[PDB]
């Protein structure tokens, strides 16, 4: 490997810890392509997340980010985010980007372009409806699934269908992102960011921050269960998507994060502790189970086990209880 590509893998291990291992195991050309895609996405997210950058300054950066990939000299030296190194040494990443086959470059730049436009749109608004929640998730995560899928198809390790079924790929991304947002209530509230959809939480409290108040814990947990229930609706699509993958390394790459997210939602379900910080995800059980789960029947058994865990904890009085049971029964029979 070149020194620049070695550096890129260094950055991948620092900035995308949960994905680094499955990425490095990808077959052939997919490995570098996905590594670089992850790094450019990390840089773009680091811009989006940085609240020290004014909206006025941020908007052109997000819009023009895709074009920076083709400017050998471009870097950004003003980030105060923890992953700023990928911005400050962007030339190393964009160099390796321009080393990828054109077919991968085209997908990556297209997704960066579309993601930047969408991220910019949300700088001036909160998330209101459930549809707006889906829209925000599409821009920051669904498009990643779509991009990854198009990379798989372009590589020819997977069929054209994988890249073409953008709804299924979108769902894979939405599932991870909704899980992240649900899980990260308190961290986000403390950093002054709000992602829970207003049309949902405003049925419980007047301000999203009110869920951090001990007196409101029961309403907070109802809302939590409602949002989890919404996220579970993506699982049929995740099963459909995973069922089509032919290449082992791709399957592992796609399946592992989805199972980790499922385990996270199960740990979050009906759990007051979400409102007090990080929940013990029983990450370990999931990681251990996935070692052996290299095929659809094994993946399905794990999903069913986590769904059964949620199901037997559904409170009778929970306003979402009927819906939660309904989606779990759908998942079980897919």
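Positions refer to the first chain, counted from 1.
Asks: Using only C-alpha atoms and the B-factors in the entry, which stretch averages higher, 160-168 or 230-238?
Replies: The entry gives the higher C-alpha B-factor average to 160-168.
Asks: Going by the mean C-alpha B-factor recorded in the entry, which is higher: 8-16 or 316-324?
Replies: Stretch with the higher mean C-alpha B-factor: 8-16.
Asks: Please work out which residue in 116, 191, 197, 147 has the highest C-alpha B-factor recorded for this crystal structure.
Replies: That would be 191, according to the entry.
Asks: Based on the PDB record, which member of 42, 31, 300, 63 exhibits the highest Cα temperature factor?
Replies: 63 has the highest C-alpha B-factor of those listed.
Asks: Among the chain's modelled residues, which third holds the C-alpha B-factor of residue 86?
Replies: For residue 86, the deposited C-alpha B-factor lands in the highest third.
Asks: Just say lowest, middle or highest third for the CA B-factor of residue 79 relative to the other modelled residues in its chain.
Replies: Its C-alpha B-factor belongs to the highest third of this chain's values.
Asks: Can you tell me whether residue 186 has a C-alpha B-factor in the lowest, middle or highest third compared with the other modelled residues of the same chain?
Replies: For residue 186, whose C-alpha B-factor we compare with every modelled residue in the chain, the answer is the middle third.
Asks: If you rank the chain by CA B-factor, which third does residue 126 end up in: lowest, middle or highest?
Replies: Top third by C-alpha B-factor.
Asks: Sorting by Cα B-factor within the chain, modelled residues only, which third would residue 120 end up in: lowest, middle or highest?
Replies: Within its chain, residue 120 is a highest-third residue by C-alpha B-factor, going by the deposited values.
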